[PDB]
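As structure tokens, one chain now follows by itself in the form deposited in one PDB entry.
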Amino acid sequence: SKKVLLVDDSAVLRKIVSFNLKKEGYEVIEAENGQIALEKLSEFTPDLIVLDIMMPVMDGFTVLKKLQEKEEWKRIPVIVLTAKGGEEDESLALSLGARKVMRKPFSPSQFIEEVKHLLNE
């Protein structure tokens, strides 16, 4: 039922997150950079966005910025799943419009629990 836009440049990361998302029942759509993620938003409007920070072409902070300046995308919840484990990196993402930030390495159990929280809100 619920659609989830998966955004990460790592193919290995996308696979295991897609597995746990599909194991609950959520359909997923993948995007290997920030620009493709925004390109695919013209096709459909997801119920959740799992977003990486570091990636080529367009990065996650500029995605988070562009999601707010457009009216249609700004009320979609965003979980930032990223390798950047700094406090000032978290605070920038939350200020840019991200609803939650999770550090890598991550627990799939805790990650899915947070995905449930935002979808069942």
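Quick note: we count residues from 1 along the sequence shown, nothing fancier. Shifts are known only where both forms have a C-alpha. Only the largest set of C-alpha atoms that superpose within 1.5 Å between the two forms is called the rigid core.
Below: the form deposited in another entry, not depicted.
Shift analysis on the rigid core between the shown form and the other one singles out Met55 from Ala93, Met55, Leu51, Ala31 (C-alpha displacement of 2 Å or more). In the core-superposed comparison between the shown form and the other one, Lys84 has its Cα shifted by at least 2 Å. In that other deposited form, the CA atoms of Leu51 and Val57 sit closer together than in the displayed form, by at least 3 angstroms.
Figure legend: C-alpha atoms of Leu92 and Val57, shown here, are separated by at least 3 angstroms less in that other deposited form. In sequence order, 54-58, 82-89 are the runs of at least 3 residues present in both forms whose Cα atoms shift by 2 Å or more between the shown form and the other one once the core is superposed.
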